[PDB]
Each structure stands twice: as structure tokens, then as C-alpha cells.
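Shown next, in C-alpha cells, is the structure this report addresses.
Only heavy atoms go into these numbers, but all of them, side chains included; no hydrogens, no water, no symmetry mates. Counting starts at 1 for both ligands and their atoms, following the listed order. Index from 1, following the sequence.
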Amino acid sequence: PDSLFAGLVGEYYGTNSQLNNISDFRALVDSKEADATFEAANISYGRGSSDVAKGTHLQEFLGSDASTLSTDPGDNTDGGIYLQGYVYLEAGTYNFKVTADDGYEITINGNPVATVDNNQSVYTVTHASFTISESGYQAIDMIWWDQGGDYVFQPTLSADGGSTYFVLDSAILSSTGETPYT
Ligand SMILES: O[C@@H]1CO[C@@H](O)C[C@@H]1O
Ligand SMILES: [Ca+2]
Ligand SMILES: [Ca+2]
Ligand SMILES: [Ca+2]
Ligand SMILES: [Ca+2]
Ligand SMILES: [Ca+2]
């Protein structure tokens, strides 16, 4: 049985190898069990300095979500997160606008909808629009990593053509696709 909560299933992975791109982080995820798990209920993380993977920086980065960490990871030079679950969206057009250091990829119903395939100091990208064909819980996953230094990850979403954006949080997230009452 998988726990039902108003959030995405979160996994954190650390490494002492360099993360340069999405492929490197996905390979890290493939290579071992998560260094920690957590509930991603308020996906607006950071900003901080001096490496996400060292000391208590992950806790600080995750903020309101850190109280759900399964363990306190040891130090690494590089690290990142893999989030997966469901997000309630009505049929219509949407676009992400993401602030991040380093890179990331977000997919909805298996299709990439926001990609930065490289390292970067903090930068905000307004991504191209996509459509949702049927109202309901949509499958969503995210990866984000830090190669070192500063770190931030805030992927906001607009349903109104970029006039207003919201953080993905417990209002609309579901870990399993069932309706959370938590
Ligand atoms: O990863 C970013 C780009 O490289 C360095 O400037 C650190 C910074 O956080
Ligand atoms: Ca794994
Ligand atoms: Ca630690
Ligand atoms: Ca909390
Ligand atoms: Ca590094
Ligand atoms: Ca960084």
C-alpha cells in the first residue's frame, strides 16, 4: 500500500560525481536507492548557498517539506530530487515559469513541458504552453539538481496565459491520484 497525501512522492539522491545535465541526474537515480524520501507538498525550494548536498542545506532547501524526510543524508558534493505523482488540472492551456539553479525537467502525462538541460546560476525561464485534454488528476514528474554552489527550485504554473502563476502545493497535488483529505 502507498501512502495517500496531498503532495508528490519525493526522493533525494546525492553523489560525489559531477552532475552536468539531466542525463547525469537520471543516471544517479537509476544507480541506487534514494538517500532520503519525503513528501513534496509545497514545491518552492531554496534559495541557499554552499551546496545543497552538504550539512543541513537540503533541510533548509525543502523547508516546509523537510519534516517528512526519512533520514538526514550524509554529505555529498552534488545532489538532486526526483518527484512523482499527480496534479489536478482542468482541461485547457497552461505553461510553466521556473526559477532554478541548476537544471531541471518537468513532464506531464509523460511529455516534457519544462526543460533546462545544463547547469546555471539562478535563472527564470518562461516555458512554452501545453494543453490538457481531460480534466482530472494528471501524471507529473520532476527532476532538479545542484552541481554545487547556490541552489533554488520554484516551478510555477499559469492557467491564464501567463497573467498569474501559482506554486504546486497541497491544494492540487496527490501522491496516488486519489483525492486527498489530509
Ligand atoms: O551551479 C551554479 C553555476 O555554477 C556556479 O556558479 C554555482 C552555481 O550555483
Ligand atoms: Ca533509484
Ligand atoms: Ca545532511
Ligand atoms: Ca512541515
Ligand atoms: Ca559538482
Ligand atoms: Ca548550483
Side-chain angles (χ1 to χ4, degrees), residues 2-3 5-85 95-108 112-128 140-157 165-170 173 175:
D2 296 298
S3 80
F5 60 90
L8 303 183
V9 178
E11 294 187 339
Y12 169 77
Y13 294 80
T15 184
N16 302 317
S17 70
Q18 167 68 350
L19 299 174
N20 282 313
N21 55 47
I22 293 162
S23 175
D24 290 339
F25 182 70
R26 297 194 185 281
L28 176 59
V29 173
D30 297 334
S31 75
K32 64 179 186 180
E33 299 302 294
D35 292 315
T37 66
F38 62 99
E39 296 178 3
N42 182 20
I43 308 174
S44 180
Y45 298 143
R47 180 188 187 158
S49 298
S50 315
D51 311 319
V52 83
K54 274 127 119 46
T56 60
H57 296 158
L58 177 66
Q59 284 80 356
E60 296 156 9
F61 175 79
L62 294 177
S64 65
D65 288 334
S67 64
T68 67
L69 280 162
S70 61
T71 192
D72 176 5
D75 282 357
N76 281 292
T77 65
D78 292 50
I81 69 184
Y82 166 49
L83 310 183
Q84 61 84 10
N95 75 278
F96 277 99
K97 180 171 177 179
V98 183
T99 301
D101 170 341
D102 284 281
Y104 55 90
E105 184 156 71
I106 304 175
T107 78
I108 290 182
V113 295
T115 301
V116 169
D117 189 30
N118 54 84
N119 288 327
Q120 57 177 20
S121 54
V122 57
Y123 186 67
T124 302
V125 174
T126 299
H127 292 276
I140 183 167
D141 60 52
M142 309 191 183
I143 64 95
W144 163 86
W145 76 91
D146 176 36
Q147 68 97 47
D150 272 35
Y151 40 91
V152 64
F153 183 57
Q154 188 193 79
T156 72
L157 189 60
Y165 287 86
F166 51 90
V167 169
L168 280 55
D169 65 28
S170 62
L173 296 172
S175 56

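Rounding to the nearest 0.5 angstrom, the gap separating the CG atom in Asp35 from the OH atom in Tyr13 is 8.0 Å. With rounding to the nearest 0.5 angstrom, the CD1 atom of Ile81 is 6.5 Å from the CG atom of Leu62.
At least one N, O or S atom of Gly55 sits under 3.0 Å from the Ca ion (ligand 3). Residue contacts to the Ca ion (ligand 3): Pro73 brings an N, O or S atom closer than 3.0 Å.
No side-chain donor-acceptor contact under 3.5 Å links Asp78 and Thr15. In the model, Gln18 has no side-chain atom that pairs as donor or acceptor with a side-chain atom of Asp24 under 3.5 Å.
Looking only at heavy atoms of the protein, atom 9 (O) of ligand 1 is closest to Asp101 OD2, 2.6 Å. Nearest protein heavy-atom neighbour of atom 4 (O) of ligand 1: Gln147 NE2, 3.6 Å. Scanning all protein heavy atoms for the shortest distance to atom 1 (O) of ligand 1 gives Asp102 OD1, 2.6 Å. For atom 7 (C) of ligand 1, the closest non-hydrogen atom of the protein is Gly148 O, 3.5 Å.
For ligand 1, the atoms sitting less than 4.0 Å from at least one non-hydrogen atom of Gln120 are 2 (C), 3 (C), numbered in the order shown with element in parentheses. Annotation for ligand 1: atoms under 4.0 Å from non-hydrogen atoms of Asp150 are 9 (O). Every atom of ligand 1 with a heavy atom of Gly149 under 4.0 Å away is listed here by number and element: 9 (O).
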Handout entry: From CA spacing to verdict: side-chain contact (heavy atoms from CB on, under 4.5 Å), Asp146, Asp102
Key = CA-CA 5 Å; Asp146 176 36; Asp102 284 281; 3.0 Å; yes
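The OE1 atom of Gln18, the Ca ion (ligand 5) and the O atom of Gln147 define an angle of 110° (nearest 10 degrees).
Nearest N, O or S atom of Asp72 to the Ca ion (ligand 3): atom OD1.
When side chains are defined from C-beta on, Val29 does not count as touching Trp145, because their heavy atoms never get closer than 4.5 Å.
Of the candidates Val98, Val116, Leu83, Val98 is the only one forming a side chain to side chain contact (heavy atoms under 4.5 Å, CB included) with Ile106.
Residue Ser121 has no nitrogen or oxygen atom sitting less than 3.5 Å from a nitrogen or oxygen atom of ligand 1, judged on distance alone.
In this pair, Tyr45 and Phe153 present their aromatic rings tilted. The plane angle is within the 30 to 60° band.
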